[PDB]
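Novice: My questions all concern the structure below.
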Amino acid sequence: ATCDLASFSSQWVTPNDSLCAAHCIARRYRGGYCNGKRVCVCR
């Protein structure tokens with residue numbers, strides 16, 4: 001998807017929605033999984 005498109009290899013912190021997004025969900029967020037820029041900010 002966004003940022004983590006095709007063969008993922010972002011030169012920053014891995015989106016890892018499986019864990020990062022899951023944590024986001026804990027706080028009423030949809031899921032990070034790398035935002036528009038390249039940070040897994042919860043949203």
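We count from 1, first residue shown onward.
Quick check of the header: solution NMR.
Just so it is clear, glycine is given a Cβ too, placed from its N, Cα and C backbone atoms.
These came from Swiss-Prot, pasted as-is:
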DISULFID  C3-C34  disulfide bond
DISULFID  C20-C40  disulfide bond
DISULFID  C24-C42  disulfide bond
Novice: Per DSSP, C20 (disulfide bond) is which: helix, strand or coil?
Specialist: helix
Novice: Spatially, which candidate from the disulfide-bonded residues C20, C24, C40, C42 is nearest to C3 (disulfide bond), comparing Cα atoms?
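Specialist: Of all the candidates listed, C40 is nearest in space.
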Novice: If I take the alpha carbons of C24 (disulfide bond) and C34 (disulfide bond), what is the distance between them in whole Å?
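Specialist: Each residue's Cα considered, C24 (disulfide bond) and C34 (disulfide bond) end up 12 Å apart.
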Novice: Find, among the disulfide-bonded residues listed as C20, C24, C40, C42, the one whose Cβ has the highest number of other Cβ atoms within 10 Å in the structure shown.
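Specialist: Of the disulfide-bonded residues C20, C24, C40, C42, the most buried by Cβ count within 10 Å is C40.
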Novice: In sequence order, which same-chain residues at least six apart have a C-beta under 8 angstroms from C34 (disulfide bond)?
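Specialist: Long-range Cβ contacts: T2, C3, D4, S10, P15, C40.
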Novice: What's the CA to CA span in angstrom from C42 (disulfide bond) over to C20 (disulfide bond)?
Specialist: 8
